[PDB]
Amino acid sequence: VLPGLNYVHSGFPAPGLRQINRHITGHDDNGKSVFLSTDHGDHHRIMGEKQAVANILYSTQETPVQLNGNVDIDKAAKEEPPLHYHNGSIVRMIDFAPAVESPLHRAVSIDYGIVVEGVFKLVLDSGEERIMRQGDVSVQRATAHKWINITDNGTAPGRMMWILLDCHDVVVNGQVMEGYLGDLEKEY
Amino acid sequence: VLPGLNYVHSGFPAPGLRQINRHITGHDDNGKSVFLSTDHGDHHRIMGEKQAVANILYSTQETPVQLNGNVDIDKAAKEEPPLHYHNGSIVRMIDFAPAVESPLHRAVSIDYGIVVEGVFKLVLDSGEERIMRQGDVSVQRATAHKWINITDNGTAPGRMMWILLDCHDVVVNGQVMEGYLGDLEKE
Amino acid sequence: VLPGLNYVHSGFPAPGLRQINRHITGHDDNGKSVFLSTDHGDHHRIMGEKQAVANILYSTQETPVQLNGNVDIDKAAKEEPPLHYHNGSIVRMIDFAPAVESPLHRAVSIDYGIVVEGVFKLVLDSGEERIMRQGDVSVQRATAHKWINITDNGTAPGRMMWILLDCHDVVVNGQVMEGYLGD
Amino acid sequence: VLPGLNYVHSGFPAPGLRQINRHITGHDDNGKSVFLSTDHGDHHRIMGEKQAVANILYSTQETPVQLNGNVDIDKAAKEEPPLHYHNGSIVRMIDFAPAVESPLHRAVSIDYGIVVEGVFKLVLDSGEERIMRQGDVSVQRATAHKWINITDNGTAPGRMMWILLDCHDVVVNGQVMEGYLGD
Amino acid sequence: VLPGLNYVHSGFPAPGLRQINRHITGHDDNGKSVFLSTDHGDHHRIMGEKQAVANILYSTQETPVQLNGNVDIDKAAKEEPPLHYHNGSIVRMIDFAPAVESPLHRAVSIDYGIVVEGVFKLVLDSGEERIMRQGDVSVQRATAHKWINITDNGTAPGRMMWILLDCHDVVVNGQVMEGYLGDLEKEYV
Amino acid sequence: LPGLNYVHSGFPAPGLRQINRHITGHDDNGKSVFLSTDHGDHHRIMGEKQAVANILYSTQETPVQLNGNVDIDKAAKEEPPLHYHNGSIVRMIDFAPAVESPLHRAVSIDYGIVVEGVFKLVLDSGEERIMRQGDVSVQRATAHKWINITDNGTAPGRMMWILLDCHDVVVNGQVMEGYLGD
Ligand SMILES: CCCCC/C=C/CCC1=C(CO)C(=O)C[C@H](O)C1
Ligand SMILES: CCCCC/C=C/CCC1=C(CO)C(=O)C[C@H](O)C1
Ligand SMILES: CCCCC/C=C/CCC1=C(CO)C(=O)C[C@H](O)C1
Ligand SMILES: CCCCC/C=C/CCC1=C(CO)C(=O)C[C@H](O)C1
Ligand SMILES: CCCCC/C=C/CCC1=C(CO)C(=O)C[C@H](O)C1
Ligand SMILES: CCCCC/C=C/CCC1=C(CO)C(=O)C[C@H](O)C1
């Protein structure tokens with residue numbers, strides 16, 4: 001039984017989760033701060049067999065970010081970003097179908113995760129786990145892990161948001177803790 | 001009357017909002033990914049006359065982040081960070097007392113904001129405004145703004161979270177959009 | 001300023017409201033009861049200046065309903081139904097942007113209404129109103145009314161669902177109380 | 001042990017579920033649309049061993065509905081409706097005790113079902129199943145099915161509302177698919 | 001416009017609020033602890049113009065409480081208690097209609113109050129007030145006050161629960177602060 | 001061990017809300033005023049940081065003596081015991097996920113209410129009731145156990161009890177002794 005098979009029938013948002021507002025601010029040609037856009041995000045991507053859907057709220061590709069001439073807006077909207085940006089950031093929102101889990105994987109990045117809706121289980125390759133509820137926050141420091149949606153005993157959708165930042169490779173007594181995607185390669 | 005006067009009586013979390021779990025992962029001596037800590041955050045800071053309380057969930061001070069030797073954990077924990085870090089990041093969570101307002105201010109940083117609980121109004125120096133509900137997200141590109149907690153017609157606490165990154169100066173018509181701390185009294 | 005102007009930026013569902021599952025059941029080759037579809041509904045229509053959006057979950061066009069050959073499914077999906085079907089039914093679900101209100105209007109129709117999310121004010125042409133919270137049910141008997149979304153003091157979206165049934169013209173004191181769209 | 005045995009101890013609403021407001025509209029002497037009554041429904045019926053309770057919010061016995069002289073109101077109030085009315089409608093709300101389920105059964109009618117509170121499992125005789133959460137909607141086309149309250153892993157009450165309409169009987173392979181009451 | 005007029009049309013619970021379970025425990029003749037009842041409370045009383053309904057979850061009439069022969073159970077069930085029992089307790093739960101307000105009154109009693117549902121404003125005769133949300137608790141020490149249901153800008157019902165205990169008369173400057181009920185007097189006659 | 005080290009910052013437990021406790025009083029002009037707004041009193045970690053209690057008030061005589069604010073002083077000065085003879089205790093407890101109390105009996109009558117979550121109340125006869133938010137229990141000196149079953153043992157829960165003094169429960173000439181249990 002593939003969990004969440006064909007659950008996400010209408011892209012973002014997944015059934016049972018809320019449509020959002022993303023607001024981007026900026027300056028007009030008089031120097032006044034205004035809103036530039038209100039929308040549903042960007043670069044929506046179905047994951048698995050309609051088991052999840054990702055939503056890229058923003059991205060940057062250099063540090064510090066260049067805002068003049070609105071080049072960061074164009075850069076974020078021009079291309080769908082990869083897993084993570086070197087010297088940059090990605091804000092990726094993913095809706096989980098009931099009981100959907102990620103593969104055990106490692107990205108070489110530092111990730112700030114917050115539970116937007118539902119209950120998620122964060123399982124590391126050691127077997128240690130934490131149950132994260134709405135509002136709880138994780139700082140994933142380039143560790144091998146998998147995310148499991150356990151909301152309402154596996155009957156409810158859930159939503160996570162991650163902010164992915166660039167980090168150097170993790171080295172433990174000579175050896176690189178190399179990145180691997182498992183089955184998440186298909187989505188990127 | 002000043003809103004939220006003496007409302008936050010026991011730091012974080014503000015009365016009416018939930019205590020949190022912050023989980024930090026890392027590697028043990030065998031290269032296994034483990035949980036290093038589970039706590040309530042860090043560098044709690046009362047704001048105003050007990051009108052709000054901030055919670056620094058993490059911070060970084062270089063790009064890319066250096067993680068080996070747990071150097072990033074030490075830097076985040078040994079100093080209270082400033083408003084924002086150059087070439088770095090700050091995850092700042094803030095509990096608002098009912099009807100509490102930020103000053104009209106500008107930080108020279110790009111901020112990813114999300115409403116964790118409640119309803120907030122984002123007003124910009126042009127007078128343009130958006131009402132942001134739980135789960136809504138704003139991308140603040142070094143703009144002058146204020147945050148207004150309006151939850152339950154101004155009778156309920158609210159919680160925001162921001163991730164502040166470093167950004168270059170914004171130059172409009174050859175003039176720098178200089179950052180400024182506000183003053184609510186003069187408004 | 002117009003309430004909820006440009007609020008509904010991505011059709012159904014409105015921002016702050018949940019996507020739905022509509023399940024339609026049927027019969028297979030050997031008479032076993034199965035599921036024929038799971039979807040977001042049908043015939044989504046923006047209303048006003050992106051101030052609301054309707055979703056037609058189902059409709060029938062005769063009484064009693066004819067299910068054989070799945071022709072009822074065909075009738076429901078092949079054309080967008082009108083406001084109200086004669087000798088039939090319409091399941092119309094509508095997401096309201098914050099503080100968006102309906103025009104005072106009358107349809108020759110008996111309406112089963114349920115608040116799916118939010119707080120609504122039902123106002124009749126006499127001035128009488130009832131505030132309806134989530135799960136409350138109204139039976140509109142061809143009366144003239146307007147629906148006002150008041151969720152969270154006019155700052156939150158709301159969702160109503162109606163089932164509209166055909167009724168005979170209502171006569172009060174020898175006068176037929178006529179339908180009107182208002183706007 | 002029977003699920004939800006004696007759980008419903010004071011009729012409608014079941015413990016843990018909210019009392020409702022049912023509003024009925026009508027016309028007064030001068031043709032003004034007014035509210036006629038606000039109540040808790042009608043024809044409350046305990047089901048099983050106090051394992052559930054049904055609330056009939058409205059019914060009609062003819063299409064189109066006759067509303068003049070409030071005869072539809074008097075008919076809806078005068079007698080407890082049956083499972084479903086020929087050429088008519090029934091608004092039937094039911095509170096489920098924790099873990100309670102219906103018998104596998106078939107009514108020859110087309111039902112619109114919406115989850116009012118809780119989480120329900122809709123199992124068909126083929127074994128196919130869908131989980132329906134709050135606001136999810138089902139169109140039951142005279143199929144054989146079970147309703148199972150699974151709210152909070154079988155420890156919480158749940159509420160469903162159905163609008164049952166008359167339908168012609170479903171014929172498969174030349175065989176009348178006969179409605180049965182199960183248990 | 002009188003707030004909450006005719007809102008409570010079916011007693012307890014008020015429309016928009018949940019029906020409750022009240023479990024009472026006891027002993028059988030073998031010393032085993034058993035459940036004696038599960039119900040909707042006791043002594044339901046509509047208040048005002050069907051603007052509120054009260055639900056007496058329990059009461060006691062002596063201290064310490066006598067439980068043998070289940071006599072405490074029968075004393076609580078056989079009679080609707082007054083506002084307050086000398087040397088005893090009352091658990092009073094009250095459903096408010098939208099925007100419904102109690103009169104300014106004083107009970108010579110120490111009351112433990114908890115907001116079960118909604119948002120309430122506790123106003124004392126000094127003009128001071130506190131907004132109490134769900135889970136918030138007050139300890140009312142024979143003070144003059146009123147309760148205001150302000151849930152959802154005055155359009156939603158709310159529920160409070162109180163545990164009233166007996167207290168001595170509060171004297172301030174050799175003058176007893178006398179209890180008074182105002183329009184609440186019609187509700188306990 | 002359920003909830004081991006879950007309560008990492010005292011009251012409130014992670015996932016549960018901070019409270020306001022308001023105590024009213026009298027002016028020197030006889031005016032009813034607010035004397036304090038706080039987070040309760042006498043917080044106590046229980047188990048291996050598996051639960052935390054919060055004492056909202058307590059009284060030590062019946063009827064209660066409010067003059068001179070002596071009731072406030074007595075409630076604040078010392079942490080109360082399990083229950084007070086001739087008096088009351090308002091005890092709020094946050095439970096970590098899946099945490100259960102021991103099977104035990106106190107010689108008191110307890111008014112319980114679920115503030116948040118889902119709790120199973122188990123009596124020594126094996127009889128149980130699942131109590132949800134808003135449900136109330138009248139514990140008449142019975143041997144019992146409380147189990148936090150919120151969201152299948154994965155969420156915290158909160159109960160509040162008002163404990164009152166009762167006489168010994170004698171069944172067939174034998175006193176039903178209290179015990180703390182294991
Ligand atoms: C097909 C089944 C799984 C689909 C959903 C996967 C989500 C979690 C994986 C993940 C992503 C997305 O690739 C990140 O962006 C980094 C973050 O830490 C974890
Ligand atoms: C006493 C009144 C002020 C307290 C209310 C909250 C203010 C939020 C201001 C803010 C901060 C904190 O300095 C940021 O980190 C950036 C973010 O956009 C707005
Ligand atoms: C842009 C502002 C107008 C749109 C807001 C929603 C209006 C609902 C009107 C309605 C319909 C749809 O036409 C029905 O299905 C009958 C039911 O009584 C009320
Ligand atoms: C003893 C426990 C079972 C009884 C409780 C609920 C059963 C609902 C069955 C049902 C009815 C009831 O008449 C309908 O009206 C059609 C609708 O599809 C399902
Ligand atoms: C019809 C207007 C009033 C309806 C709402 C009811 C409020 C009662 C307030 C109250 C009472 C009554 O005396 C108590 O039971 C003690 C406690 O302190 C507050
Ligand atoms: C092993 C970690 C702690 C387990 C959870 C604690 C339960 C509270 C026990 C209790 C008390 C205080 O001992 C009361 O106030 C009476 C009420 O019935 C149950």
# chains A, B, ... in the order shown; residues from 1 in each chain; ligands from 1
>>> closest_atom_pairs(of="chain F", to="chain B", cutoff="12 Å", atoms="only C-alpha atoms", output="JSON lines")
{"residue": "F:5", "atom": "CA", "partner": "B:38", "partner_atom": "CA", "distance": 9.4}
{"residue": "F:6", "atom": "CA", "partner": "B:38", "partner_atom": "CA", "distance": 8.8}
{"residue": "F:7", "atom": "CA", "partner": "B:39", "partner_atom": "CA", "distance": 9.3}
{"residue": "F:8", "atom": "CA", "partner": "B:39", "partner_atom": "CA", "distance": 6.4}
{"residue": "F:9", "atom": "CA", "partner": "B:40", "partner_atom": "CA", "distance": 7.0}
{"residue": "F:10", "atom": "CA", "partner": "B:19", "partner_atom": "CA", "distance": 9.9}
{"residue": "F:11", "atom": "CA", "partner": "B:19", "partner_atom": "CA", "distance": 8.7}
{"residue": "F:12", "atom": "CA", "partner": "B:19", "partner_atom": "CA", "distance": 6.5}
{"residue": "F:13", "atom": "CA", "partner": "B:19", "partner_atom": "CA", "distance": 6.4}
{"residue": "F:14", "atom": "CA", "partner": "B:19", "partner_atom": "CA", "distance": 4.5}
{"residue": "F:15", "atom": "CA", "partner": "B:18", "partner_atom": "CA", "distance": 5.3}
{"residue": "F:16", "atom": "CA", "partner": "B:18", "partner_atom": "CA", "distance": 4.9}
{"residue": "F:17", "atom": "CA", "partner": "B:18", "partner_atom": "CA", "distance": 4.1}
{"residue": "F:18", "atom": "CA", "partner": "B:15", "partner_atom": "CA", "distance": 4.5}
{"residue": "F:19", "atom": "CA", "partner": "B:15", "partner_atom": "CA", "distance": 5.1}
{"residue": "F:20", "atom": "CA", "partner": "B:15", "partner_atom": "CA", "distance": 6.2}
{"residue": "F:21", "atom": "CA", "partner": "B:15", "partner_atom": "CA", "distance": 9.9}
{"residue": "F:36", "atom": "CA", "partner": "B:9", "partner_atom": "CA", "distance": 10.6}
{"residue": "F:37", "atom": "CA", "partner": "B:9", "partner_atom": "CA", "distance": 7.9}
{"residue": "F:38", "atom": "CA", "partner": "B:9", "partner_atom": "CA", "distance": 6.3}
{"residue": "F:39", "atom": "CA", "partner": "B:10", "partner_atom": "CA", "distance": 7.2}
{"residue": "F:40", "atom": "CA", "partner": "B:10", "partner_atom": "CA", "distance": 10.5}
{"residue": "F:94", "atom": "CA", "partner": "B:19", "partner_atom": "CA", "distance": 11.8}
{"residue": "F:156", "atom": "CA", "partner": "B:19", "partner_atom": "CA", "distance": 11.1}
>>> residues_around(residues="segment 159-161 of chain D", least_positions_apart="3", cutoff="6 Å", atoms="only C-alpha atoms", output="list in words")
residues 92, 93, 94, 95, 113, 114, 115, 116 and 117 of chain D
>>> residues_around(residues="segment 173-178 of chain D", least_positions_apart="4", cutoff="8 Å", atoms="only C-alpha atoms", output="list in words")
residues 29, 30 and 31 of chain C; 106, 108 and 169 of chain D
>>> write_last_selection(atoms="N, CA, C and O atoms", output="compact mmCIF listing (two decimals), in the first residue's frame")
# COMPACT_ATOMS: atom_id res chain seq x y z
N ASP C 29 -18.80 -3.45 -13.44
CA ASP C 29 -19.33 -4.41 -14.40
C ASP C 29 -20.13 -5.52 -13.73
O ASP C 29 -21.02 -6.10 -14.36
N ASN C 30 -19.82 -5.85 -12.48
CA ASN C 30 -20.44 -6.98 -11.80
C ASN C 30 -21.32 -6.55 -10.64
O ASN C 30 -21.65 -7.36 -9.77
N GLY C 31 -21.74 -5.29 -10.63
CA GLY C 31 -22.65 -4.79 -9.63
C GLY C 31 -22.02 -4.43 -8.31
O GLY C 31 -22.75 -4.08 -7.37
N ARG D 106 -27.76 -0.74 1.61
CA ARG D 106 -28.04 0.03 0.40
C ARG D 106 -29.42 0.65 0.51
O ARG D 106 -30.41 -0.06 0.68
N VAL D 108 -31.91 2.88 -1.94
CA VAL D 108 -32.09 3.23 -3.35
C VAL D 108 -32.47 4.71 -3.35
O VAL D 108 -33.64 5.08 -3.30
N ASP D 169 -34.25 3.09 -9.56
CA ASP D 169 -33.41 1.99 -9.10
C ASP D 169 -32.33 1.66 -10.13
O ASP D 169 -32.55 1.74 -11.34
>>> closest_residue(among="B:82, B:135, B:158, B:182", to="chain C", atoms="only C-alpha atoms")
B:135
>>> closest_residue(among="E:129, E:28, E:95, E:152", to="ligand 5", atoms="only C-alpha atoms and all ligand atoms")
E:95
>>> residues_around(residues="segment 95-99 of chain A", least_positions_apart="3", cutoff="9 Å", atoms="only C-alpha atoms", output="ChimeraX atom specification")
/A:3-8,12-15,17,50-55,148-161
>>> write_last_selection(atoms="N, CA, C and O atoms", output="compact mmCIF listing (two decimals), in the first residue's frame")
# COMPACT_ATOMS: atom_id res chain seq x y z
N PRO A 3 1.48 4.80 0.54
CA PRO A 3 0.71 5.82 1.26
C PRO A 3 0.51 7.06 0.41
O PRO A 3 1.41 7.49 -0.32
N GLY A 4 -0.69 7.63 0.50
CA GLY A 4 -0.99 8.86 -0.21
C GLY A 4 -1.01 8.75 -1.71
O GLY A 4 -0.88 9.76 -2.39
N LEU A 5 -1.18 7.54 -2.25
CA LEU A 5 -1.20 7.37 -3.70
C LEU A 5 -2.34 8.17 -4.31
O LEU A 5 -3.51 7.97 -3.97
N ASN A 6 -1.99 9.08 -5.23
CA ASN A 6 -2.94 9.91 -5.96
C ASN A 6 -3.78 10.79 -5.04
O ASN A 6 -4.88 11.21 -5.42
N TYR A 7 -3.28 11.09 -3.84
CA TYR A 7 -4.03 11.93 -2.91
C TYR A 7 -4.07 13.38 -3.38
O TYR A 7 -5.11 14.04 -3.29
N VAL A 8 -2.95 13.90 -3.88
CA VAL A 8 -2.83 15.31 -4.26
C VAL A 8 -3.35 15.41 -5.69
O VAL A 8 -2.59 15.34 -6.66
N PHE A 12 -1.06 22.22 -5.58
CA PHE A 12 -1.05 22.87 -4.28
C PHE A 12 -2.29 23.74 -4.12
O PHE A 12 -2.66 24.47 -5.05
N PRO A 13 -2.96 23.71 -2.96
CA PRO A 13 -2.65 22.92 -1.76
C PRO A 13 -3.25 21.51 -1.79
O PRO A 13 -4.23 21.27 -2.50
N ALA A 14 -2.67 20.60 -1.01
CA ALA A 14 -3.19 19.25 -0.92
C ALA A 14 -4.58 19.27 -0.29
O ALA A 14 -4.89 20.15 0.52
N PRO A 15 -5.45 18.32 -0.65
CA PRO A 15 -6.78 18.26 -0.05
C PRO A 15 -6.71 18.17 1.47
O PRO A 15 -6.01 17.33 2.03
N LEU A 17 -5.71 20.86 3.28
CA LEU A 17 -4.81 21.93 3.69
C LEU A 17 -5.21 23.22 3.00
O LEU A 17 -5.94 23.22 2.00
N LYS A 50 1.63 11.59 -6.86
CA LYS A 50 0.69 12.55 -6.27
C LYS A 50 0.58 12.35 -4.76
O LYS A 50 -0.51 12.42 -4.18
N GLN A 51 1.73 12.10 -4.12
CA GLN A 51 1.79 11.89 -2.68
C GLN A 51 2.19 13.14 -1.91
O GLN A 51 1.93 13.21 -0.71
N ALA A 52 2.81 14.11 -2.57
CA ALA A 52 3.17 15.37 -1.93
C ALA A 52 3.25 16.44 -3.00
O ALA A 52 3.26 16.14 -4.20
N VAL A 53 3.30 17.69 -2.56
CA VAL A 53 3.46 18.81 -3.48
C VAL A 53 4.28 19.89 -2.79
O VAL A 53 3.97 20.29 -1.66
N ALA A 54 5.34 20.34 -3.45
CA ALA A 54 6.23 21.34 -2.90
C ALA A 54 5.86 22.72 -3.43
O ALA A 54 5.27 22.86 -4.50
N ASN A 55 6.22 23.74 -2.65
CA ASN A 55 5.88 25.13 -2.95
C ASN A 55 7.07 25.99 -2.55
O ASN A 55 7.43 26.04 -1.37
N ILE A 148 8.37 11.78 8.44
CA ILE A 148 7.17 10.96 8.37
C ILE A 148 5.98 11.80 8.82
O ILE A 148 6.00 12.37 9.91
N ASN A 149 4.95 11.87 7.98
CA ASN A 149 3.69 12.50 8.36
C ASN A 149 2.87 11.49 9.14
O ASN A 149 2.43 10.48 8.58
N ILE A 150 2.65 11.75 10.43
CA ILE A 150 1.88 10.85 11.29
C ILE A 150 0.58 11.50 11.76
O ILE A 150 -0.04 11.00 12.70
N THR A 151 0.17 12.60 11.13
CA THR A 151 -0.97 13.38 11.61
C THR A 151 -2.22 12.52 11.71
O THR A 151 -2.61 11.84 10.75
N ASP A 152 -2.86 12.56 12.89
CA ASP A 152 -4.09 11.82 13.17
C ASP A 152 -3.94 10.34 12.84
O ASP A 152 -4.73 9.75 12.10
N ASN A 153 -2.89 9.73 13.41
CA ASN A 153 -2.60 8.31 13.22
C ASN A 153 -2.52 7.95 11.73
O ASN A 153 -3.00 6.90 11.29
N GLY A 154 -1.92 8.85 10.95
CA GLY A 154 -1.67 8.57 9.55
C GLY A 154 -2.86 8.74 8.63
O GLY A 154 -2.83 8.23 7.51
N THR A 155 -3.90 9.46 9.06
CA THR A 155 -5.08 9.68 8.24
C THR A 155 -5.22 11.12 7.77
O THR A 155 -6.16 11.43 7.03
N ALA A 156 -4.31 12.01 8.17
CA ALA A 156 -4.49 13.42 7.88
C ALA A 156 -3.29 13.99 7.12
O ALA A 156 -2.15 13.54 7.31
N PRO A 157 -3.51 14.97 6.25
CA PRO A 157 -2.39 15.64 5.60
C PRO A 157 -1.65 16.55 6.57
O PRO A 157 -2.18 16.96 7.61
N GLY A 158 -0.41 16.87 6.22
CA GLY A 158 0.39 17.77 7.01
C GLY A 158 1.22 18.69 6.13
O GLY A 158 1.40 18.43 4.94
N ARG A 159 1.72 19.76 6.74
CA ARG A 159 2.49 20.77 6.02
C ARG A 159 3.73 21.14 6.81
O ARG A 159 3.65 21.47 8.00
N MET A 160 4.88 21.10 6.14
CA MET A 160 6.14 21.57 6.69
C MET A 160 6.65 22.73 5.84
O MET A 160 6.32 22.84 4.65
N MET A 161 7.45 23.60 6.45
CA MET A 161 8.19 24.61 5.72
C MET A 161 9.65 24.56 6.16
O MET A 161 9.94 24.55 7.35
>>> residues_around(residues="residue 47 of chain D", least_positions_apart="3", cutoff="12 Å", atoms="only C-alpha atoms", output="count of residues only")
24
>>> interface_residues(of="chain C", to="chain E", cutoff="10 Å", atoms="only C-alpha atoms", output="PDB file with N, CA, C and O atoms, in the first residue's frame")
ATOM      1  N   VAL C 119     -18.183  32.461   9.985  1.00  0.00           N
ATOM      2  CA  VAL C 119     -19.383  33.019  10.599  1.00  0.00           C
ATOM      3  C   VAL C 119     -20.088  33.881   9.562  1.00  0.00           C
ATOM      4  O   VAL C 119     -19.486  34.812   9.009  1.00  0.00           O
ATOM      5  N   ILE C 131     -27.259  35.281  12.868  1.00  0.00           N
ATOM      6  CA  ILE C 131     -25.835  35.003  12.740  1.00  0.00           C
ATOM      7  C   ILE C 131     -25.642  33.494  12.816  1.00  0.00           C
ATOM      8  O   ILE C 131     -26.008  32.859  13.810  1.00  0.00           O
ATOM      9  N   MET C 132     -25.070  32.915  11.763  1.00  0.00           N
ATOM     10  CA  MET C 132     -24.929  31.470  11.643  1.00  0.00           C
ATOM     11  C   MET C 132     -23.457  31.094  11.736  1.00  0.00           C
ATOM     12  O   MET C 132     -22.638  31.567  10.941  1.00  0.00           O
ATOM     13  N   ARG C 133     -23.130  30.243  12.703  1.00  0.00           N
ATOM     14  CA  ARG C 133     -21.771  29.778  12.916  1.00  0.00           C
ATOM     15  C   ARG C 133     -21.591  28.406  12.268  1.00  0.00           C
ATOM     16  O   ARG C 133     -22.519  27.843  11.683  1.00  0.00           O
ATOM     17  N   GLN C 134     -20.377  27.868  12.371  1.00  0.00           N
ATOM     18  CA  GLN C 134     -20.045  26.628  11.675  1.00  0.00           C
ATOM     19  C   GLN C 134     -20.958  25.491  12.115  1.00  0.00           C
ATOM     20  O   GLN C 134     -21.128  25.234  13.311  1.00  0.00           O
ATOM     21  N   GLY C 135     -21.553  24.809  11.141  1.00  0.00           N
ATOM     22  CA  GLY C 135     -22.455  23.713  11.411  1.00  0.00           C
ATOM     23  C   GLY C 135     -23.912  24.096  11.563  1.00  0.00           C
ATOM     24  O   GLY C 135     -24.750  23.203  11.738  1.00  0.00           O
ATOM     25  N   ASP C 136     -24.240  25.385  11.513  1.00  0.00           N
ATOM     26  CA  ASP C 136     -25.630  25.811  11.581  1.00  0.00           C
ATOM     27  C   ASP C 136     -26.291  25.659  10.216  1.00  0.00           C
ATOM     28  O   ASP C 136     -25.638  25.747   9.172  1.00  0.00           O
ATOM     29  N   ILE C 150     -18.939  37.448   7.839  1.00  0.00           N
ATOM     30  CA  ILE C 150     -18.462  38.296   8.924  1.00  0.00           C
ATOM     31  C   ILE C 150     -17.368  37.603   9.734  1.00  0.00           C
ATOM     32  O   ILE C 150     -17.066  38.020  10.849  1.00  0.00           O
ATOM     33  N   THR C 151     -16.769  36.550   9.178  1.00  0.00           N
ATOM     34  CA  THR C 151     -15.798  35.747   9.910  1.00  0.00           C
ATOM     35  C   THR C 151     -14.655  36.605  10.434  1.00  0.00           C
ATOM     36  O   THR C 151     -14.053  37.384   9.687  1.00  0.00           O
ATOM     37  N   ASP C 152     -14.370  36.458  11.728  1.00  0.00           N
ATOM     38  CA  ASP C 152     -13.300  37.187  12.412  1.00  0.00           C
ATOM     39  C   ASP C 152     -13.400  38.691  12.164  1.00  0.00           C
ATOM     40  O   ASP C 152     -12.434  39.353  11.775  1.00  0.00           O
ATOM     41  N   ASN C 153     -14.600  39.230  12.395  1.00  0.00           N
ATOM     42  CA  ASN C 153     -14.865  40.665  12.276  1.00  0.00           C
ATOM     43  C   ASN C 153     -14.482  41.194  10.894  1.00  0.00           C
ATOM     44  O   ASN C 153     -13.880  42.260  10.756  1.00  0.00           O
TER      45      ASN C 153
END
>>> residues_around(residues="residue 28 of chain D", least_positions_apart="2", cutoff="12 Å", atoms="only C-alpha atoms", output="ChimeraX atom specification")
/C:124-126,128,143,170-173,177 /D:25-26,30-36,68-70
>>> residues_around(residues="segment 176-188 of chain A", least_positions_apart="3", cutoff="7 Å", atoms="only C-alpha atoms", output="ChimeraX atom specification")
/A:47,82-83,103-108,169-172
>>> interface_residues(of="chain A", to="chain B", cutoff="8 Å", atoms="only C-alpha atoms", output="MDAnalysis selection string")
chainID A and resid 20:27 29:35 57:58 63:68 86:87 110 116 124:126 128 132 135:145 165:172 177
>>> residues_near_ligand(ligand="ligand 2", cutoff="6 Å", atoms="only C-alpha atoms and all ligand atoms", output="ChimeraX atom specification")
/B:47-48,51-52,83,92,96,101-102
>>> residues_near_ligand(ligand="ligand 6", cutoff="10 Å", atoms="only C-alpha atoms and all ligand atoms", output="number ranges by chain")
F: 1-4, 45-55, 81-83, 89-96, 98-106, 108-112, 121, 137-148, 159-163, 180, 182
>>> select_by_dssp(residues="segment 40-178 of chain F", states="alpha helix (DSSP H)", output="list in words")
residues 70, 71, 72, 73, 74, 75, 76 and 77 of chain F
>>> write_last_selection(atoms="N, CA and C atoms", output="mmCIF file, in the first residue's frame")
data_model
loop_
_atom_site.group_PDB
_atom_site.id
_atom_site.type_symbol
_atom_site.label_atom_id
_atom_site.label_comp_id
_atom_site.auth_asym_id
_atom_site.auth_seq_id
_atom_site.Cartn_x
_atom_site.Cartn_y
_atom_site.Cartn_z
ATOM 1 N N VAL F 70 -5.138 37.041 54.638
ATOM 2 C CA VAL F 70 -4.395 35.932 55.236
ATOM 3 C C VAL F 70 -4.504 34.678 54.382
ATOM 4 N N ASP F 71 -5.588 34.532 53.614
ATOM 5 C CA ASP F 71 -5.697 33.384 52.722
ATOM 6 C C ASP F 71 -4.628 33.436 51.637
ATOM 7 N N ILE F 72 -4.362 34.632 51.102
ATOM 8 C CA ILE F 72 -3.295 34.791 50.117
ATOM 9 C C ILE F 72 -1.952 34.401 50.716
ATOM 10 N N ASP F 73 -1.691 34.834 51.952
ATOM 11 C CA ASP F 73 -0.409 34.546 52.587
ATOM 12 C C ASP F 73 -0.219 33.047 52.790
ATOM 13 N N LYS F 74 -1.254 32.361 53.285
ATOM 14 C CA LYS F 74 -1.131 30.929 53.542
ATOM 15 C C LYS F 74 -0.938 30.147 52.250
ATOM 16 N N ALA F 75 -1.662 30.520 51.192
ATOM 17 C CA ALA F 75 -1.507 29.835 49.914
ATOM 18 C C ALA F 75 -0.116 30.047 49.330
ATOM 19 N N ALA F 76 0.486 31.209 49.578
ATOM 20 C CA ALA F 76 1.780 31.536 48.996
ATOM 21 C C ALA F 76 2.956 31.029 49.820
ATOM 22 N N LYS F 77 2.814 30.959 51.146
ATOM 23 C CA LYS F 77 3.970 30.740 52.012
ATOM 24 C C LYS F 77 4.574 29.353 51.812
#
